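One structure is given here, and the rest of the page talks about it.
Quick note: residue numbers are just sequence positions, from 1.
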Amino acid sequence: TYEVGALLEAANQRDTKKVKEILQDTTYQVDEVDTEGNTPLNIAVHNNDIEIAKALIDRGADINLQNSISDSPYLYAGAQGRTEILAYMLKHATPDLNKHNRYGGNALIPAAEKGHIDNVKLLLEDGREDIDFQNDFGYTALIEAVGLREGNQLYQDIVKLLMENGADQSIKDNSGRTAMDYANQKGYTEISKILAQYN
Ligand SMILES: [Cl-]
């Protein structure tokens with residue numbers, strides 16, 4: 001007999017026990033939305049409330065329901081380094097790979113750009129994500145990891161991980177540039193050396 005919004009309010013309040021209380025109601029529609037198009041699951045993913053997120057996924061919450069800026073719980077978890085939640089999603093739900101973020105990207109591109117190497121590994125191992133996918137700018141995960149970032153150890157490691165998993169480094173973005181082009185222009189010596197070792 002809960003009113004619409006009860007579960008959103010419990011998620012906003014980070015109230016794990018209240019969430020579980022509500023979910024005991026078998027009639028409850030778990031994917032109600034707020035003014036920004038967020039479901040309780042999306043709120044939990046933003047907050048990194050892992051137990052709440054697991055509870056909602058077990059009750060059938062849609063990991064692919066996008067909010068007003070095109071972020072679904074899945075896309076956001078991948079992009080923003082919510083590793084535990086992402087691992088759970090990859091085991092207990094089915095990602096929709098025809099849904100993209102506001103820039104036309106997937107979960108893997110932003111995970112790499114943002115340095116979330118554990119998320120990258122997860123998506124490469126059991127994600128289905130195309131390593132060569134491109135966003136609206138023509139950027140791949142490799143290009144973003146090289147060209148948009150600082151070229152440091154973390155990004156060197158992300159570049160190596162991608163190449164070891166068969167990333168195509170010959171892909172050009174919308175400006176006609178490859179990952180090798182960016183590393184060279186920016187003076188990212190260690191990345192250039194890594195890239196030179198692969199075809
Ligand atoms: Cl993207």
Side-chain angles (χ1 to χ4, degrees), residues 37-38 42 45-46 48 63-90 93 95-199:
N38 285 316
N42 221 343
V45 173
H46 281 69
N48 201 28
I63 64 158
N64 300 301
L65 197 166
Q66 296 168 108
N67 67 17
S68 291
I69 70 173
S70 284
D71 281 339
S72 63
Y74 176 73
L75 281 166
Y76 192 91
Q80 297 296 323
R82 310 286 191 259
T83 313
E84 304 97 326
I85 294 172
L86 180 59
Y88 202 80
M89 290 175 168
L90 292 172
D96 183 345
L97 306 193
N98 293 317
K99 292 189 170 176
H100 312 295
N101 64 40
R102 72 196 305 177
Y103 303 118
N106 57 5
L108 182 52
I109 294 173
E113 182 262 309
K114 293 166 164 36
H116 295 125
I117 190 170
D118 289 321
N119 274 19
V120 175
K121 291 173 186 153
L122 233 43
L123 295 161
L124 293 175
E125 297 180 359
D126 285 320
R128 205 190 314 153
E129 304 282 352
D130 176 3
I131 193 165
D132 294 330
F133 190 75
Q134 287 174 99
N135 61 206
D136 285 350
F137 315 103
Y139 295 156
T140 58
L142 185 66
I143 288 166
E144 294 212 356
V146 173
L148 275 48
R149 301 304 307 221
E150 298 70 31
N152 63 20
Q153 187 64 69
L154 175 59
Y155 291 96
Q156 292 161 211
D157 286 347
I158 288 163
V159 169
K160 183 74 169 179
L161 214 208
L162 291 166
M163 299 307 294
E164 280 294 314
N165 280 265
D168 183 358
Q169 74 165 305
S170 75
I171 296 170
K172 293 173 178 171
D173 65 18
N174 291 166
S175 75
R177 282 184 290 185
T178 64
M180 195 171 283
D181 288 331
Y182 284 109
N184 188 238
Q185 288 167 196
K186 301 193 180 321
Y188 293 168
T189 312
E190 297 296 330
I191 290 176
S192 293
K193 182 173 65 172
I194 296 170
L195 292 173
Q197 289 166 3
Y198 298 84
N199 287 312

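- Atoms CZ and CG, from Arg102 and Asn67 in turn, are 9.0 Å apart once rounded to the nearest 0.5 Å.
- Between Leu124 and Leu162, the shortest heavy-atom contact is CD1-CD2, 4.4 Å.
- The CE atom of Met163 lies 11.5 Å from the CD1 atom of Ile191; values are rounded to the nearest 0.5 Å.
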Inset, instruction - Could you go through the side-chain contact (heavy atoms from CB on, under 4.5 Å) check for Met89 and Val45 one step at a time? - result: CA-CA 11 Å; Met89 290 175 168; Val45 173; 3.9 Å; yes

Inset, instruction - Determine, stepwise, if the pair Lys160 / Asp157 fulfils salt bridge (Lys or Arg N to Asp or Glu O under 4.0 Å). - result: CA-CA 5 Å; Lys160 183 74 169 179; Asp157 286 347; over 6 Å; no

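- Of the possible polar contacts, none joining the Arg177 side chain to the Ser175 backbone as a donor-acceptor pair under 3.5 Å is found.
- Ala111 approaches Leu123 most closely through the heavy-atom pair CB-CD1, 4.4 Å.
- The main-chain N or O of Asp168 is found under 3.5 Å from a side-chain atom of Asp132 such that the two form a donor-acceptor pair.
- Across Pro95 and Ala93, no two heavy atoms sit closer than the pair CD-O, 3.6 Å.
- Of all heavy-atom pairs spanning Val159 and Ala145, the tightest one is CG2-CB, 4.4 Å.
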Inset, instruction - Take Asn106 and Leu97 through the side-chain contact (heavy atoms from CB on, under 4.5 Å) test and state the conclusion after the steps. - result: CA-CA 7 Å; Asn106 57 5; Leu97 306 193; over 6 Å; no

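- Considering only heavy atoms from C-beta on, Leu148 comes within 4.5 Å of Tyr139 through its side chain.
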Inset, instruction - May I have the step-by-step check of side chain to side chain donor-acceptor pair (under 3.5 Å) for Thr83 and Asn119, ending in yes or no? - result: CA-CA 6 Å; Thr83 313; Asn119 274 19; 3.1 Å; yes

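- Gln156 and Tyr188 share no side-chain donor-acceptor pair at under 3.5 Å.
- Within the 4.5 Å cutoff, the side chain of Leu65 has no heavy atoms near those of the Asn42 side chain.
- Taking the side chain as every heavy atom from C-beta outward, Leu90 and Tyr74 approach each other to under 4.5 Å.
- The line from CG of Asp181 to CD of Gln169 is 10.0 Å long, rounded to the nearest 0.5 Å.
- One N or O on the side chain of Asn152 and one on the backbone of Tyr155 form a donor-acceptor pair closer than 3.5 Å.
- Rounding to the nearest 0.5 angstrom, the gap separating the CD atom in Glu150 from the NZ atom in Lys186 is 10.5 Å.
- Here CD of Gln134 is found 7.5 Å from CG of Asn174. Values are rounded to the nearest 0.5 Å.
- A salt bridge links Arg149 to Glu113: at least one charged side-chain nitrogen sits closer than 4.0 Å to a carboxylate oxygen.
- Here the closest non-hydrogen pair linking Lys99 and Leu75 is O-CD1, 3.8 Å.
- In terms of heavy-atom proximity, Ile158 sits nearest to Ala112 at CD1-O, 3.7 Å.
- Between the CG atom of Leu142 and the CD1 atom of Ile131 there is a distance of 8.0 Å, given to the nearest 0.5 Å.
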Legend entry - Audit row: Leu108, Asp130, side-chain contact (heavy atoms from CB on, under 4.5 Å) steps and yes/no: CA-CA 9 Å; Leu108 182 52; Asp130 176 3; over 6 Å; no

Inset, instruction - Go through the steps to decide whether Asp173 and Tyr182 satisfy the test side chain to side chain donor-acceptor pair (under 3.5 Å), and finish with yes or no. - result: CA-CA 11 Å; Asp173 65 18; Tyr182 284 109; 2.5 Å; yes

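- Using a 4.5 Å cut-off on side-chain heavy atoms (C-beta onward), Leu86 and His116 make no contact.
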